[PDB]
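Protein sequence lines correspond, in order, to chains A, B, C, D and E. Those letters in the first sequence? Residues 10 to 930, 947 to 1126, 1136 to 1376, per PDB author numbering, in order. When the second sequence is numbered by PDB author numbering, its final residue is 845 and no position is left out of the sequence of numbers. When the third sequence is numbered by PDB author numbering, its final residue is 142 and no position is left out of the sequence of numbers. When the fourth sequence is numbered by PDB author numbering, its final residue is 91 and no position is left out of the sequence of numbers. When the fifth sequence is numbered by PDB author numbering, its final residue is 1342 and no position is left out of the sequence of numbers. Backbone N, C-alpha and C fix where the C-beta goes; we use that ideal spot for every residue, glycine too. Read the structure below first, then the notes.
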Amino acid sequence: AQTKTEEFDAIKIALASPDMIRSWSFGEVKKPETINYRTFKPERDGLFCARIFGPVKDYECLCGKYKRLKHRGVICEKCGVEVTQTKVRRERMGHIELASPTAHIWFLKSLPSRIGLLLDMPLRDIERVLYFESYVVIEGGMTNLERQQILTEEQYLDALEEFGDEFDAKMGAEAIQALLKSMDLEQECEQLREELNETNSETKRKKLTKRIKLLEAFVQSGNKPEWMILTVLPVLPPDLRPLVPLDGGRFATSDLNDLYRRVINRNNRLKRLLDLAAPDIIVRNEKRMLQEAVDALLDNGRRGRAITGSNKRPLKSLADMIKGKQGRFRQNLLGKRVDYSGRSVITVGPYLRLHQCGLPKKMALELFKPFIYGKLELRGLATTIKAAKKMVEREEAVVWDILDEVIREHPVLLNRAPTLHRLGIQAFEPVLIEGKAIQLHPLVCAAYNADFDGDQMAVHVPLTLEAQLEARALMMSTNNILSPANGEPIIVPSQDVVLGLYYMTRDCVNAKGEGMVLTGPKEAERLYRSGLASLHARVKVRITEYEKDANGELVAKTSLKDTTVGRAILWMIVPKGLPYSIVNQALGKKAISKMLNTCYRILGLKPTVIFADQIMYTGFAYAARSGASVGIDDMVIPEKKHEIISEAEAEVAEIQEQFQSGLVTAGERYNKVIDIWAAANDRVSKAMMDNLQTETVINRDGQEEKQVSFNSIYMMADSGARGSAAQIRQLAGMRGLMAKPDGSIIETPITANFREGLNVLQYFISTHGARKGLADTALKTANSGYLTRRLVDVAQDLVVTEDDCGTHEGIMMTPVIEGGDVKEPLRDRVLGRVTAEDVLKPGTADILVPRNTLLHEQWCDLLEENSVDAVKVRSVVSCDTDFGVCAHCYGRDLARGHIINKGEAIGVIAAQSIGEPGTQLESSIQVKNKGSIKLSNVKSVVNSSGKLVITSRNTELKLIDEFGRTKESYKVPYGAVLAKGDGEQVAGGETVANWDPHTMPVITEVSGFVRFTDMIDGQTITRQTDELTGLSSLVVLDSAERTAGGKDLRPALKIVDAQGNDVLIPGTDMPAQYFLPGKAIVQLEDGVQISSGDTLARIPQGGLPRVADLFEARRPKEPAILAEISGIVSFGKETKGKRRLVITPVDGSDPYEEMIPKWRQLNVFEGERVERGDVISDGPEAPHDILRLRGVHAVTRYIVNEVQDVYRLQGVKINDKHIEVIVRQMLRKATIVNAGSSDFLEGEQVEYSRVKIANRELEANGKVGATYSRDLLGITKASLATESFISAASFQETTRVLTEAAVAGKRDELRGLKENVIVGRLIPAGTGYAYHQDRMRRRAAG
Amino acid sequence: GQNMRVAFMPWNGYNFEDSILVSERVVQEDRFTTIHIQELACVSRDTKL
Amino acid sequence: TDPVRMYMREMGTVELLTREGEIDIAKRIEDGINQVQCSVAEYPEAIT
Amino acid sequence: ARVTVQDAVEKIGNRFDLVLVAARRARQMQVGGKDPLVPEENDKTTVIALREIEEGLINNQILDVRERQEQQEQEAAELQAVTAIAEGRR
Amino acid sequence: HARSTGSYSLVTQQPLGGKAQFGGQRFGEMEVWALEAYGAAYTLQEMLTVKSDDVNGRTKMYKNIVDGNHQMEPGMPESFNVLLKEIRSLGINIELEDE
Ligand SMILES: Nc1nc2c(ncn2[C@@H]2O[C@H](COP(=O)(O)OP(=O)(O)O)[C@@H](OP(=O)(O)OP(=O)(O)O)[C@H]2O)c(=O)[nH]1
Ligand SMILES: [Sr+2]
Ligand SMILES: [Sr+2]
Ligand SMILES: [Sr+2]
Ligand SMILES: [Zn+2]
Ligand SMILES: [Zn+2]
């Protein structure tokens, strides 16, 4: 067995023994001395020592008698110093022998007290003994005091006289150490398990289970409770807490050195006082501060706060070294300084290739400094290292030639701050260019958030062959042409390149040279650059296009095409294996991006990279040839701008007449006036797109006018190069409406555009949105950056383990349709996904579509003709793969062109794919197909106005076509108006059902007058404004905001006839009195007659924070109520306006009841057969409620759809596979129902229980089948439950984790990615994954 | 900081994103040459050696 | 701060003794030392 | 392969395993001699190792077989010394 | 700014700027996620040990560049070596266990 090999695999943490501290130590620190004032050297036996810790000089003694590297490991007889290197002062430690036992602060003050839970004693009782105020009973017999009893000095005196001798009680920290000495761990666990048999409890059970979990973990590791109180105190090495002379001459010392002195000082005094007369008052006080001295040394920010001897600052304690945002544990990742690194301002590089960057000459000479010396002595140009150093410094002409040789074929990484996704660091092969600025490729600039105006980039250089290869094979820009977030390419031409291809492809009416036959695309270049024909005009060209063959490649179709001169030249740029139809159209940013996407799957990776550069070179050349210029005349104002404004300007003054008269109220005016300017702003914008969009008119050939305008501004907007249609609105047409500091919109918008001079008032108005929008942007990076940090820490420790997981189960995927519009088709949704079950849809004759296969970009085209719906594909959620993803049962790699290879970290990509683009962050049923409306469970009643309002809780809508079959299915809620009844023919494009989306109306049954009984104004009801009908309406307040005068009053509307007597409700002889709940808004007045079907009262129900809320699994303000057990369910009893739901099935036992709030409107009336997971209260659904009842599938698709809806509105494309990775990290950790091996509640992983259930049911001597229920933990609730203390203390609170690891005796085997970064080992992901498998396999055998 | 002749036109990738070109005449004629005065201090100190 | 407060409360219970009260304790000190000195004088080895 | 490495990725499979296979070949050419199989048209050791993967001359299998031969060739040409040492130890 | 090798700080053995050569560029945790997302493992190994804190690693690797070896040979970084002694000085036993 190896003994001296430092190659470790696992690290463990436990409590240190007083004898174990002496093993670390090499001597005892007895003096508080440091350094002499005369000669700057260590003193005798102080903090700084050469006899204990090591010599200050390299291989020398203190006196200077022993010199030269001759002597090694020689213990001096004159001084006592070992002749060794001074690095020994960094590793060697010391010890301080304490005269009195002092308690540890980490186990005492840190909640919920490690010493307190172990002894079953509150902190108030422990501290009063420790601090020396009261005695505590340790040993018990027949002394009436039993155990842990707190006794004062006057109580202890009388108790000893009555008994004594056999009775044992001590005072101070000595008593606590003796109390932990006497306790038996083997017998305490047996007693607690016996009492948890008859009296179990529910809420008080948690503290009883906490004690067992603390005691059982204490014995299995073997820490011993006696070491909780410190007797020997370890000392840090002198190098970590140094006294170094600065440049000026004044010394600089650590705050730890000042703390250590105030420990030894009173330690030496206590050793004196114990033999030089010991009065209790002084001795207890010296022990009082000595306990505080260690407390201030370990963790200063707990008991009091120590002040530095010279400075007015809290001293950096031993705990403060690890934590504090920037310490030692947290600087392993963030605060890491790196050699072989550069930094300069970025510049454009149009002459460079995609794999090439323009690295500065003087920077590269400095960076590859050791690389120059290596290939200079090898060439025979320089004699030695020092001679090679002189040649570099003198800047010799021959050095520049060798420099280029080393840089060639050597990749260099380029990093930009901040890195949101992985493409922020890309490798490039440098080309030497003279200058102090670094040149970057224009195409890869789209990957970063970079702009050539004042941005800087870090220049990193790999050193080893392994580092050079993983930069070329993985981190190279040519290899990373696609984005990891979505299947669309990230390297897409922008600005100048788009404008160049747009002008080249666009056509004119009659340009120079039209109607020629042209021999090949070569003659198209012959006419333009010579000066005989323009790029525009429709001219026939002979072209030879090559289509893809079934085997490839023999198809060569030649035909005459009707294009332009410019389109023919661009075909030469287009590779052979691509159709001509893709370049035939006028190309913009939307069209050019489609060229690279099609070129990738059809040809490969290599052909599209060369093509990508070829577009860029040609893009800049023809953009320069065109000469696009933004002029003041190009900013065309609509012909009748002020004419439209004047029609809407005094139209506001027309409603100002209604403001004073009383036709339109003051509250209704503001929202009516604003609609005029909103319509006027759109009218000017639409009129702007006539004098700018197609304004040409002058045509030489014929008399026509139809042509796309050659305006410089429109060319930048139509192509999508720079500036959208929204930007052109403000400059030429109208700026629009601005906001107020409160949030409301200003009455009069800015009429003046940027073409004309803005007013002083108008410009001050526009500044508010400028200093508010940019203020949001200043904290947008901080908020989205924390969101990126949040998603990583929970999913980072997730890598691909197996090639295929043995489950034919996944998620049902349907194209997202909102109301009657398709957002994303099946092709874009199921692209990349691997199917779990074969396609069984009938349409065209075939022999089945194979399962467990990758859906290609060409394979998905076959599914489009057949029109397939609802395909269950293998996803990240449904995985039984030990600890990770199962490759095949996941999907394609979006950056690559095939399946994702095993070893790649999915969770890190999944977190970056959402955090990066995060910076940019139904009501009426309409039918198109002709048929007939058939209704079931109809309870409609016609009112006085003429609205068919239904008086039923559950209503469904169905359509019957020509043949006689159901077409569409839609749900109709309570309080809805139907257009047509049962069996009525509908036309193509007609609304059949209509209701207000954000309200819950209450419908009456009996007709007559309305009485306001117990409806006193001011006491129960208040007046405001309803924002739906609307006007002034009564608002009913809940039982919380009501006055002290009207305490017992029920808000209810009473229905009477013409005489004044109550009209009875059909069924019961009870008077008609509809009790109205809280929050409800009453629209009706006193004395107003209503018919059957009239509404009495209506009951009311962001961006980045919404995404953060869904991922954190936080319950909404108004959670939806759902039925838990299926069967015959009926209501029970009444209170005021609330119902207690009693759910009882048919079978045995089944005791269940529920309590529901009063204001809630239900979807069931009386005696209803309800199933598991049904909507009772309409609105938002609670994330925990869906998992509880609907299952572990409907909740997973709920997280996907709700998050995507936020990104769809903003215009962001993120795949559904990235979200479901984090969902799997939310579903982990489950609660056990059936008794297995340990407890009932606890916290065990889903797969940890799946390994358990597979082992218990067959072998392992258990035979019990542990039933488990899935639990949901939103990121931060799941990231705390990591099975590593090194990974936890990285982002979590350090002092809590290190104490928990010490007590339990945890072992970190280093499997997570974050665990190996801190220790300085290879990552169990990617290249290091194949390395890591070699060591994990040899743990079982050996 | 003086004024130069400005033409708003695309070039061969030398004005991709906010990038600005300059003539050799801007370098030949001292119109953007800046004078920078720097201070460097040398301190002789007394040590224990 | 905690350690500063209770120290003033420990010696607060003990009252100051002055004048002839100090002599009552001082007389026991010198008589206590003299009794030890008598024990050393009685011991035969101490003379040797 | 200077621009794209895709031609070498298809030969082995995994992109990460491609790194480790080419690293063994590069280090053999760096220190322990090893003549290049594919004609050395300038270039550095990182790319020349990838050139042999594209043509199909070097692999994780091929590197192991050649390492078995070289170890046994240095075993047979040193067996004369090992047998003499073992006699004195007993 | 450009740096290959130079002076190092006292408390932590990571790159530091002052005279002659400029200070090194900081490799933050945001940059670590990128290499974790990539199949990169040996590059981050360089960033943490030979380019940063590892005392025996940096000098031994530097000599390999001049000799023409291009090999890491990494060990214990000084960022974690200080951390081990800080936990031991608190009074909590932390040790490295072998296979
Ligand atoms: N301008 C431009 N050139 C490209 C592009 N892609 C590849 N090349 C050129 O093709 C040459 C070979 O590239 P490889 O990727 O090795 O192609 P191969 O595997 O089929 O041989 C290189 O020449 P080389 O560097 O001289 O290498 P070599 O010929 O000395 O091996 C490189 O310059 C591109 O997008 N744009
Ligand atoms: Sr930009
Ligand atoms: Sr910027
Ligand atoms: Sr050679
Ligand atoms: Zn000496
Ligand atoms: Zn799976």
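query, result
"CB contact flag (residue 1279 of chain E, residue 914 of chain A, <7 Å)", "yes"
"Residue 132 of chain C beta carbon near ligand 5 (any heavy atom closer than 6 Å)", "no"
"Which residues DSSP lists as bridging residue 1033 of chain A, in chain order", "A:1115"
"Heavy atom of ligand 1 within 6 Å of residue 583 of chain A beta-carbon", "no"
"Within 7 Å, strictly: CB atoms of residue 803 of chain A and residue 1259 of chain A", "yes"
"Minimum C-alpha distance to residue 1041 of chain A - residue among A:1051, A:1060, A:168", "A:1060"
"Residue 462 of chain A beta carbon near ligand 2 (any heavy atom closer than 6 Å)", "no"
"Secondary structure of residue 622 of chain A, DSSP reduced to three states", "helix"
"Residues near residue 660 of chain A by beta carbon distance below 6 Å, same chain, minus five either side", "685"
"Rounded C-alpha distance that separates residue 742 of chain A from residue 679 of chain A", "24 Å"
"N-terminal and C-terminal residue of the beta strand (DSSP E) that residue 996 of chain A is part of", "991-997"
"Own chain, CB closer than 6 Å to residue 99 of chain A, minus 5 neighbours either side, in chain order", "246, 248"
"Residue range of the beta strand (DSSP E) that includes residue 102 of chain A", "102-112"
"Beta-carbon neighbours of residue 31 of chain D, restricted to chain E and to distances below 8 Å", "1311, 1312, 1313"
"C-alpha distance - residue 1301 of chain A paired with residue 1287 of chain A, whole-angstrom precision", "9 Å"
"Cβ-Cβ separation, residue 311 of chain A to residue 114 of chain A (assumed contact under 8 Å), whole Å", "6 Å"
"Chain D residues whose Cβ lies nearer than 8 Å to that of residue 1282 of chain E", "16, 17, 20"
"Per-residue contacts from residue 276 of chain A into chain E (C-beta, under 8 Å)", "Within chain E, no residue comes near residue 276 of chain A; the closest Cβ sits about 15 Å away, beyond 8 Å."
"Residue of A:35, A:472, A:446, A:469 minimising C-alpha distance to residue 463 of chain A", "A:446"
"Contacts that residue 298 of chain A makes with chain C (C-beta to C-beta distance below 7 Å)", "97"
"Beta-carbon separation (whole angstroms), residue 1354 of chain A vs residue 1320 of chain E, contact threshold 8 Å", "4 Å"
"Residue-level contact to chain D via CB, residue 475 of chain A, 7 Å cutoff", "yes"
"Rounded separation between residue 1235 of chain A and residue 1243 of chain A - CA only", "13 Å"
"Residue-chain proximity (residue 313 of chain A, chain C), Cβ-Cβ < 7 Å", "yes"
"Beta-carbon contacts of residue 89 of chain A that lie in its chain and below 6 Å, excluding the five residues immediately before and after", "60"
"Supposed contact pair residue 1349 of chain A and residue 1320 of chain A - C-beta distance, whole angstroms, cut 8 Å", "5 Å"
"Beta carbon of residue 904 of chain A nearer than 7 Å to that of residue 493 of chain A", "yes"
"Residue 71 of chain A CB to nearest heavy atom of ligand 5 below 6 Å", "yes"
"Residue from A:578, A:555, A:560 with nearest C-alpha to residue 568 of chain A", "A:555"
"Any residue whose CB is nearer than 7 Å to a heavy atom belonging to ligand 6, listed in chain order", "A:814, A:816, A:883, A:887, A:888, A:889, A:890, A:894, A:895, A:898, A:899"
"Nearest to residue 983 of chain A (by Cα), restricted to the options A:952, A:287, A:106", "A:952"
"Contact belief for residue 182 of chain A with residue 287 of chain A at Cβ below 8 Å, rounded distance in angstroms", "Going by Cβ atoms, the distance from residue 182 of chain A to residue 287 of chain A rounds to 17 Å, so no, they are not a contact pair."
"Test item, CB below 6 Å from any non-hydrogen atom of ligand 1", "A:362, A:363, A:618, A:619, A:622, D:2, D:3, D:4, D:5, D:8, D:42"
"Separation of residue 225 of chain A from residue 925 of chain A, as counted between CA atoms", "45 Å"
"The stretch 760-773 of chain A / the stretch 887-905 of chain A touching (three or more Cβ pairs under 8 Å)", "no"
"N- and C-terminal bounds of the alpha helix (DSSP H) containing residue 1137 of chain A", "No alpha helix (DSSP H) holds residue 1137 of chain A; DSSP gives it neither H nor E."
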